[PDB]
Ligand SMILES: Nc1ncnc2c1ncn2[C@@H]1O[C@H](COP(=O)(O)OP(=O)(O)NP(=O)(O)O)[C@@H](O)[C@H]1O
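Below you'll find only one chain, the form deposited without the ligand, shown as structure tokens.
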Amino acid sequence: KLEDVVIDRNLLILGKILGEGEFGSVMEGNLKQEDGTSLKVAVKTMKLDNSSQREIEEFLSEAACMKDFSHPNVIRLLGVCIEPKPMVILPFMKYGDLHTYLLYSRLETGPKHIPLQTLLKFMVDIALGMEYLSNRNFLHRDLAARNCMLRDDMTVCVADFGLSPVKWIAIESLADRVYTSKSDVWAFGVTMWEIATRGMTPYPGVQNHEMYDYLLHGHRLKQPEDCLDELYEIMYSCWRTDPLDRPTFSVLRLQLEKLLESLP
């Protein structure tokens, strides 16, 4: 398990901090590869509960499982490093996260106004990434626009740069410890709304502490102004009270492809 993913620490050069949290940090870095070239990397350092070997074993098991994953809409895991501090090595993406990109697109110096066709392709990319993980019974647990990364060819891939998200958490997950693929589907619906609104924080006028009661009374994210009824119908189906009534990522992906293909 260790031998399959662990990269020698002297092959990694650490740079500046990109982001910092309570249980981790994201840093820019250089990784010397097998072919003798150096690749630009994003290094996610994680604080593990070292009071038992349960977290390090579960960490290495997930890393060994991820190494074998290969999909264009899922971030590629290059390997891991141990300084007992584990480090996740991922490719560095100059276009950054999708949430920041959507916000820059609304400003003059940032990318040009994103058309509807491009917004929907961002969604199809995430759905394709999530369909791949859902098929291998892998739970994301932190799906949001901030965790979706833009590759150099402008394709979107799913990642987890979280360093610890009440407004993305499924109603059943707020009531109980319960978290399934249908909870990732709820978070996807919220991720879609973030894209459609070009980076708005979910539920304007609603506090984080009011969220459970707000959802319990049947209220959901409102339809955005420039949003097609067919698109809002897809994101709303992600927020059905009973998780069983929510569509699979496979169904969601095809609905989005069919809707994207019907546009000029």
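Rigid core: the largest C-alpha set superposing within 1.5 Å between the two forms. Only residues modelled in both forms are compared. Sequential numbering from 1, following the sequence displayed.
Checklist entry - Of the other entries that cover residues on both sides, do at least a third skip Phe249? => result No, none of the compared structures omit it.
Checklist entry - Is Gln207 missing in a third or more of the other PDB entries that were compared? => result No, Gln207 has coordinates in all the other entries compared.
Checklist entry - How many residues sit between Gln117 and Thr118 in the deposited sequence but have no coordinates: none, 1 to 3, 4 to 9, or 10 or more? => result Nothing is missing between them.
Item to check | Count class of coordinate-free deposited residues lying between the neighbours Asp152 and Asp153 | outcome: In the record, the chain runs straight from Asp152 to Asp153 with none unmodelled.
Checklist entry - Do the C-alpha atoms of 104-112 or of 127-135 have the higher average B factor in the entry? => result Result: 104-112.
Next on the checklist: Which is higher on mean Cα B factor in this entry, 8-16 or 248-256?
Outcome noted: Between 8-16 and 248-256, it is 8-16 that shows the higher mean C-alpha B-factor.
Checklist entry - For the listed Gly96, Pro72, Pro91, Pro165, which has the peak Cα B-factor recorded in the PDB entry? => result Comparing C-alpha B-factors across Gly96, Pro72, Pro91, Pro165, the maximum falls on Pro165.
Checklist entry - Which is it among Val43, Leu39, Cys227, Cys238: the one with the largest CA B-factor in the entry? => result Among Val43, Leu39, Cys227, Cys238, the highest C-alpha B-factor in the entry belongs to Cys227.
Checklist entry - Which third, lowest, middle or highest, does the CA B-factor of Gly189 fall in along this chain? => result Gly189: CA B-factor falls in the lowest third of its chain.
Item to check | Third of the chain, ranked by Cα B-factor, where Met87 sits | outcome: It belongs to the highest third of the chain when residues are ordered by C-alpha B-factor.
Checklist entry - In terms of the CA temperature factor given in the entry, to which third of its chain does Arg177 belong: lowest, middle or highest? => result Highest third of the chain for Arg177's C-alpha B-factor.
Checklist entry - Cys65: which third of its chain by C-alpha temperature factor? => result Ranked within chain, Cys65 CA B lands in the highest tercile.
Next on the checklist: Sorting by Cα B-factor within the chain, modelled residues only, which third would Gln33 end up in: lowest, middle or highest?
Outcome noted: For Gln33, whose C-alpha B-factor we compare with every modelled residue in the chain, the answer is the middle third.
What comes next is about the form deposited with the ligand bound, which is not displayed.
Item to check | Open or blocked, the ligand overlaid from its pose in the deposited bound form onto this form, 2.4 Å backbone/C-beta test | outcome: Output flag = blocked.
Next on the checklist: Please determine whether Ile82 contacts the ligand in the deposited bound form, using a 4.5 Å cut-off between heavy atoms.
Outcome noted: No, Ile82 is distant from the partner.
Next on the checklist: Does any part of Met235 reach within 4.5 Å of the ligand in the deposited bound form? Heavy atoms only, please.
Outcome noted: Because no heavy atom of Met235 falls inside 4.5 Å of the ligand in the deposited bound form, the answer is no.
Next on the checklist: Please tell me whether any heavy atom belonging to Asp125 falls inside 4.5 Å of a heavy atom of the ligand, as the geometry stands in the deposited bound form.
Outcome noted: Judged by the heavy-atom cut-off of 4.5 Å, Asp125 is well away from the ligand in the deposited bound form.
Item to check | Non-hydrogen atom contact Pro72 with the ligand in the deposited bound form at 4.5 angstroms | outcome: Close contact is absent here: in the deposited bound form, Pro72 is far from the ligand, nothing within 4.5 Å, heavy atoms only.
Item to check | Heavy atom within 4.5 Å of the ligand in the deposited bound form - residue from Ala42, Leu215, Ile195, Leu31 | outcome: If I apply the 4.5 Å criterion carefully, the residue I get is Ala42.
Checklist entry - If we take heavy atoms and a 4.5 Å cut-off, which stretch out of 116-124, 146-154, 167-175, 187-195 is in contact with the ligand in the deposited bound form? => result So the stretch in question is 146-154.
Checklist entry - In sequence order, what are the runs of three or more consecutive residues whose Cα atoms each shift by at least 2 Å between this form and the one not shown, relative to the rigid core? => result When the rigid core is held fixed, residues 161-163 make up the only run that shifts.
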